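Notes for the one structure printed next.
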Amino acid sequence: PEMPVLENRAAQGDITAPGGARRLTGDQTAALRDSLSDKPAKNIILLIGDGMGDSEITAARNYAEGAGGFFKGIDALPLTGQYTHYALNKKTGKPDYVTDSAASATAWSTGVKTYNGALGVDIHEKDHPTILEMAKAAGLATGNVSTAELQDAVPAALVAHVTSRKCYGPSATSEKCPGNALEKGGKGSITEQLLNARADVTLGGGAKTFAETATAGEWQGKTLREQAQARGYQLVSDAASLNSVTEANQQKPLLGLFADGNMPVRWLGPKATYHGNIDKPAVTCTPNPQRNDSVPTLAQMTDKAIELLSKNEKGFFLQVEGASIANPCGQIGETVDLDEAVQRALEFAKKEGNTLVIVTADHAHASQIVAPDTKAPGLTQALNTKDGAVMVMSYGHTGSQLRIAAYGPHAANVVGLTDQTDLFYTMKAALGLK
Amino acid sequence: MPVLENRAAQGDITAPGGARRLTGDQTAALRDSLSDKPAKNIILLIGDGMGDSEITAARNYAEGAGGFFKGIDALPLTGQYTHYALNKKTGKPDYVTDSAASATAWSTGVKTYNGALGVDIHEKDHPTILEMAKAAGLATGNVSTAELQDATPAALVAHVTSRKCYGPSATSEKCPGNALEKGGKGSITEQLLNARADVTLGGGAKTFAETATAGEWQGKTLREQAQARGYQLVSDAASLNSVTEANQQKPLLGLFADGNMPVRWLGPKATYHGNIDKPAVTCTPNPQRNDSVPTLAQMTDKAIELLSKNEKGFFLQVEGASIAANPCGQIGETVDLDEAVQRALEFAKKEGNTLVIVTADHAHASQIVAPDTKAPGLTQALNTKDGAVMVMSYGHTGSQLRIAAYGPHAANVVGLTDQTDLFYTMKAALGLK
């Protein structure tokens with residue numbers, strides 16, 4: 001029946017003994033042969049960890065699971081490679097080696113390289129369709145989930161085509177993206193285009209911008225929240241209301257707004273400081289008390305989106321972003337949040353059997369794991385890990401290629417060296433979109 | 001089985017689809033890359049400090065952002081491995097390894113403390129993959145552009161409590177338990193001569209001028225000892241080229257520099273705000289490179305030619321050394337390694353029973369940063385093949401990093417593994433006990 005998920009690649013024994021630190025128990029050729037299918041993907045779930053390069057994965061694993069531990073979500077995908085995410089200089093069209101989130105999200109959502117800060121447009125400011133828009137056009141259900149504000153670059157890139165990622169609402173758009181402003185003849189702000197795109201399920205932060213009023217069109221003078229209500233959206237704002245939702249579709253599309261800005265971070269800790277690993281004690285991260293059972297977690301939004309979207313017989317596309325808001329504990333807790341959502345995605349995909357799950361990052365954070373005695377010129381912090389040993393992290397974004405991993409039909413297309421724009425084409429082809 | 005022939009960007013990177021590295025679905029290609037048949041031979045290539053960041057920076061500089069390393073980027077099966085060491089007293093993980101503990105991990109399958117070679121945290125010796133290959137009748141090679149006493153080549157042939165124990169004098173001082181005159185197996189260089197790989201090629205002639213303190217060759221230089229023990233000594237490209245065989249009667253020992261072999265490229269050191277305060281750098285060829293000193297790729301090709309005569313098979317390790325905060329030196333070292341990987345893949349594709357593995361011991365701390373960056377450490381702007389500026393910042397590390405493979409049993413590098421799994425992968429692929 002099922003393509004396998006890696007069940008346990010923790011160190012298998014005593015890490016001080018011969019063979020004790022192995023993560024494999026035997027040859028993987030048969031398992032990998034059994035991981036390969038080019039049958040259609042009925043569904044795709046793409047999980048994005050903001051800033052989640054290989055270093056961030058390693059630091060979080062070290063801290064939360066121990067050096068020899070295992071992320072049951074992030075580390076469990078059997079097919080892995082590395083992809084490149086360079087942007088373009090807008091004026092020259094030459095590579096810009098260090099992307100922002102907007103140019104990278106544009107690359108995987110549209111298959112076109114662009115300039116830093118662009119959403120859903122190329123270097124000539126020309127719109128190109130997104131994977132979510134194409135999935136909808138093919139009759140698939142669509143979901144867009146983030147613990148960031150929903151106007152932020154990663155969720156916005158699926159639904160908005162604007163010349164600057166700053167163009168959150170009518171007022172920023174009229175100022176910074178005048179050609180996109182609704183009353184200046186464009187398609188509108190990020191939030192307005194989101195409302196037009198009408199995904200079946202959209203869940204995240206960013207309530208604040210919905211208080212703005214539209215400047216033109218049918219809903220001029222209404223807030224964007226009022227516009228959503230008038231256009232048939234089901235609006236929820238907490239865990240209980242999200243739980244009360246029984247269906248989400250084009251008649252009653254779901255819009256969950258769970259915070260005015262970003263949703264709460266999982267863990268708190270002090271900021272990193274100059275010579276912090278030397279001058280301050282080792283840190284143990286703590287729970288954020290703003291986290292509570294009235295605010296759904298990334299994993300809970302993921303699971304609810306899967307339930308709702310999986311009702312569509314033709315299939316669904318779902319993107320889930322674990323947002324990042326030099327705070328090591330914040331960053332590590334965000335990786336933990338993403339791992340839980342990946343587990344939900346893989347649990348569903350393993351059972352359903354026709355679901356491609358992809359886990360990657362937009363670009364990497366600058367954090368590095370360094371020797372405990374390090375005297376570094378940037379910001380550092382010592383942390384007390386799950387092993388009862390000190391790990392030091394140093395902040396001294398970046399251009400390094402980074403991990404992409406997948407499970408399910410067409411997952412072979414993430415192995416080896418690829419570009420971030422290949423991810424668009426992988427998703428397009430896997431779902432049979434044109 | 002297919003090598004990745006071209007994963008450069010396929011067109012105009014400003015146009016839809018023009019930056020794609022794929023031309024179509026890869027399921028069939030990847031399935032065809034998977035074999036569970038025996039490996040006759042293994043070639044393990046190690047780039048010192050070559051994490052994903054260094055691969056990217058060198059690609060961006062030498063090939064352009066959308067370019068492709070025909071060796072490093074062409075291996076079809078890829079994963080990431082963990083390389084943490086251990087605290088010697090507590091046995092808890094130490095999150096940032098040195099080159100010795102990492103080399104010990106893949107060559108013996110045992111984690112150890114930073115600085116250890118071929119011993120565990122209890123200072124107990126464990127056999128290496130090269131020693132096991134030789135015991136099984138396979139030919140063995142050990143190639144490096146570093147000094148041959150350095151951690152990576154040393155780990156295959158020496159068991160010492162500190163990587164500093166290069167020769168008799170340092171060993172007597174720093175590894176007294178290993179010192180020959182104290183009943184130990186000897187210095188790194190003495191254990192190298194005992195191990196008697198069929199092919200050993202690299203730098204580090206300096207330590208061979210020391211004399212042994214005890215044993216059969218007491219008072220002779222270690223070079224004299226090698227000569228006395230039947231080694232073919234060579235010291236330049238012509239002498240290397242004239243070698244027609246290497247085996248246990250006539251093992252080959254090439255010593256091509258006093259210390260490390262010459263770096264490929266020169267450039268200035270990175271400096272505070274160097275990307276702002278100094279012009280963009282174009283790397284230059286090192287005048288000390290010349291056709292009398294074999295390159296990493298040439299040593300790799302000659303080793304393959306000599307070792308491939310063994311009908312049972314061979315094990316070969318090739319290390320591209322990294323000699324502070326010098327972007328051009330570092331990038332040129334990755335280019336050197338890519339050339340050697342090309343030679344290994346060319347051989348492996350023709351021979352068909354060869355597992356080629358490319359990875360690093362641990363990653364350098366360098367990062368690729370925005371052009372306008374004002375960073376607290378050292379920075380440099382570089383003029384790349386794209387005719388654009390790339391900035392590197394220096395401000396070793398613990399990140400997991402790429403491992404890639406081609407040939408029988410290459411599946412065992414995909415996904416998350418540990419650096420110690422690499423030992424077991426090589427053992428099992430060659431059918432060693």
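Note on naming: chains are A, B, ... as they come in the structure tokens, residues start from 1 per chain, ligands start from 1 in the order shown.
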
message: Taking only C-alpha atoms into account, find every residue of chain B that has an atom no more than 6 Å from chain A, and write it out as a ChimeraX atom specification.
response: /B:16-17,20-21,26-27,53,56,76,78-79,96,109-110,368-370,376-377,395,397-399,411-412,415,417-418,420-421

message: Which residues are close to residue B:89, i.e. within 12 Å by only C-alpha atoms, leaving aside same-chain residues fewer than 6 positions away? Reply as a ChimeraX atom specification.
response: /A:16 /B:112-114,120-123

Go ahead and dump the residues you just picked, N, CA, C and O atoms, as a PDB file, in the first residue's frame.
```
ATOM      1  N   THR A  16      28.580   7.142  22.525  1.00  0.00           N
ATOM      2  CA  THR A  16      30.009   6.987  22.820  1.00  0.00           C
ATOM      3  C   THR A  16      30.608   5.661  22.361  1.00  0.00           C
ATOM      4  O   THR A  16      31.838   5.506  22.415  1.00  0.00           O
TER       5      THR A  16
ATOM      6  N   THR B 112      34.035  10.611  18.647  1.00  0.00           N
ATOM      7  CA  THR B 112      35.159  10.819  19.550  1.00  0.00           C
ATOM      8  C   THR B 112      35.285  12.272  19.937  1.00  0.00           C
ATOM      9  O   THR B 112      34.429  13.104  19.623  1.00  0.00           O
ATOM     10  N   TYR B 113      36.352  12.597  20.660  1.00  0.00           N
ATOM     11  CA  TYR B 113      36.545  13.950  21.113  1.00  0.00           C
ATOM     12  C   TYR B 113      37.359  14.750  20.106  1.00  0.00           C
ATOM     13  O   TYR B 113      38.123  14.208  19.326  1.00  0.00           O
ATOM     14  N   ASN B 114      37.197  16.066  20.142  1.00  0.00           N
ATOM     15  CA  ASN B 114      37.913  16.912  19.186  1.00  0.00           C
ATOM     16  C   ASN B 114      39.416  16.718  19.362  1.00  0.00           C
ATOM     17  O   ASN B 114      39.938  16.726  20.506  1.00  0.00           O
ATOM     18  N   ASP B 120      38.645   6.271  20.393  1.00  0.00           N
ATOM     19  CA  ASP B 120      37.411   6.743  21.005  1.00  0.00           C
ATOM     20  C   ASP B 120      37.649   7.604  22.238  1.00  0.00           C
ATOM     21  O   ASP B 120      38.796   7.966  22.525  1.00  0.00           O
ATOM     22  N   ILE B 121      36.582   7.975  22.953  1.00  0.00           N
ATOM     23  CA  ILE B 121      36.772   8.868  24.113  1.00  0.00           C
ATOM     24  C   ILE B 121      37.547   8.212  25.260  1.00  0.00           C
ATOM     25  O   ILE B 121      38.029   8.918  26.156  1.00  0.00           O
ATOM     26  N   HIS B 122      37.677   6.889  25.190  1.00  0.00           N
ATOM     27  CA  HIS B 122      38.500   6.149  26.156  1.00  0.00           C
ATOM     28  C   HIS B 122      39.928   5.942  25.652  1.00  0.00           C
ATOM     29  O   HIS B 122      40.691   5.179  26.252  1.00  0.00           O
ATOM     30  N   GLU B 123      40.297   6.635  24.567  1.00  0.00           N
ATOM     31  CA  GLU B 123      41.587   6.493  23.899  1.00  0.00           C
ATOM     32  C   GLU B 123      41.880   5.099  23.371  1.00  0.00           C
ATOM     33  O   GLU B 123      43.057   4.763  23.156  1.00  0.00           O
TER      34      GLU B 123
END
```

field: Contact residues around stretch 149-151 of chain B with only C-alpha atoms at 7 Å, ignoring same-chain residues under 4 positions, as a PyMOL selection string
entry: chain B and resi 99-100+103+155+163+166+188-189+204

Would you please give, as a compact mmCIF listing (two decimals) with C-alpha atoms, in the first residue's frame, all residues of stretch 248-307 of chain B that DSSP assigns to strand (DSSP E) based on the backbone?
```txt
# COMPACT_ATOMS: atom_id res chain seq x y z
CA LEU B 252 53.78 4.60 -3.76
CA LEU B 253 54.50 7.59 -1.50
CA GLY B 254 54.31 10.99 -3.20
CA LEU B 255 55.50 13.98 -1.18
CA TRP B 265 43.91 30.93 -6.25
CA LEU B 266 45.11 34.04 -4.52
CA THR B 284 44.16 35.34 -9.41
CA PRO B 285 46.11 32.15 -10.23
```

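Restricting the calculation to only C-alpha atoms, the smallest distance between residue A:131 and any of A:229, A:384, A:319, A:294 is found for A:319.
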
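For residue B:295, the non-local neighbours within 10 Å, defined as residues at least 3 positions apart in the same chain or in other chains and counting only C-alpha atoms, are residues 144, 145, 202, 237, 256, 261, 262, 263, 264, 289, 290, 291, 292, 298, 299, 300, 301, 320, 336, 337, 339 and 340 of chain B.
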
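Among A:374, A:327, A:173, A:196, the residue with the shortest atom-to-atom distance to residue A:275, counting only C-alpha atoms, is A:374.
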
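For the set B:201, B:283, B:307, B:180, the residue with the smallest atom-to-atom gap to residue B:140 is B:307, counting only C-alpha atoms.
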
query: Hey, what's within 10 Å of residue A:211 if we count only C-alpha atoms and toss same-chain stuff fewer than 4 positions away? As a VMD selection string, please?
result: chain A and resid 169 207 222 to 226 260

Save the residues we just selected, N, CA, C and O atoms, as a PDB file, in the first residue's frame?
```pdb
ATOM      1  N   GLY A 169      -2.160  47.060   2.442  1.00  0.00           N
ATOM      2  CA  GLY A 169      -3.536  47.530   2.339  1.00  0.00           C
ATOM      3  C   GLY A 169      -3.624  48.750   1.448  1.00  0.00           C
ATOM      4  O   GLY A 169      -2.634  49.171   0.843  1.00  0.00           O
ATOM      5  N   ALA A 207      -4.967  40.588  11.133  1.00  0.00           N
ATOM      6  CA  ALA A 207      -6.261  41.272  11.197  1.00  0.00           C
ATOM      7  C   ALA A 207      -6.156  42.780  11.000  1.00  0.00           C
ATOM      8  O   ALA A 207      -7.107  43.430  10.518  1.00  0.00           O
ATOM      9  N   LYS A 222     -16.240  50.650   2.792  1.00  0.00           N
ATOM     10  CA  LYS A 222     -16.372  49.559   3.761  1.00  0.00           C
ATOM     11  C   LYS A 222     -14.975  49.109   4.182  1.00  0.00           C
ATOM     12  O   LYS A 222     -14.024  49.177   3.366  1.00  0.00           O
ATOM     13  N   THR A 223     -14.831  48.624   5.413  1.00  0.00           N
ATOM     14  CA  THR A 223     -13.555  48.031   5.792  1.00  0.00           C
ATOM     15  C   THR A 223     -13.359  46.766   4.962  1.00  0.00           C
ATOM     16  O   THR A 223     -14.282  46.204   4.402  1.00  0.00           O
ATOM     17  N   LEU A 224     -12.118  46.304   4.908  1.00  0.00           N
ATOM     18  CA  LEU A 224     -11.879  45.070   4.172  1.00  0.00           C
ATOM     19  C   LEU A 224     -12.500  43.861   4.901  1.00  0.00           C
ATOM     20  O   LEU A 224     -12.909  42.901   4.247  1.00  0.00           O
ATOM     21  N   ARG A 225     -12.622  43.957   6.226  1.00  0.00           N
ATOM     22  CA  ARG A 225     -13.357  42.921   6.960  1.00  0.00           C
ATOM     23  C   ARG A 225     -14.830  42.909   6.530  1.00  0.00           C
ATOM     24  O   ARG A 225     -15.400  41.852   6.275  1.00  0.00           O
ATOM     25  N   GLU A 226     -15.428  44.099   6.425  1.00  0.00           N
ATOM     26  CA  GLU A 226     -16.826  44.210   6.000  1.00  0.00           C
ATOM     27  C   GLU A 226     -16.988  43.704   4.578  1.00  0.00           C
ATOM     28  O   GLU A 226     -17.973  43.012   4.262  1.00  0.00           O
ATOM     29  N   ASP A 260      -3.828  40.419  15.524  1.00  0.00           N
ATOM     30  CA  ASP A 260      -3.812  41.641  14.721  1.00  0.00           C
ATOM     31  C   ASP A 260      -2.544  41.752  13.861  1.00  0.00           C
ATOM     32  O   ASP A 260      -2.601  42.250  12.725  1.00  0.00           O
TER      33      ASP A 260
END
```
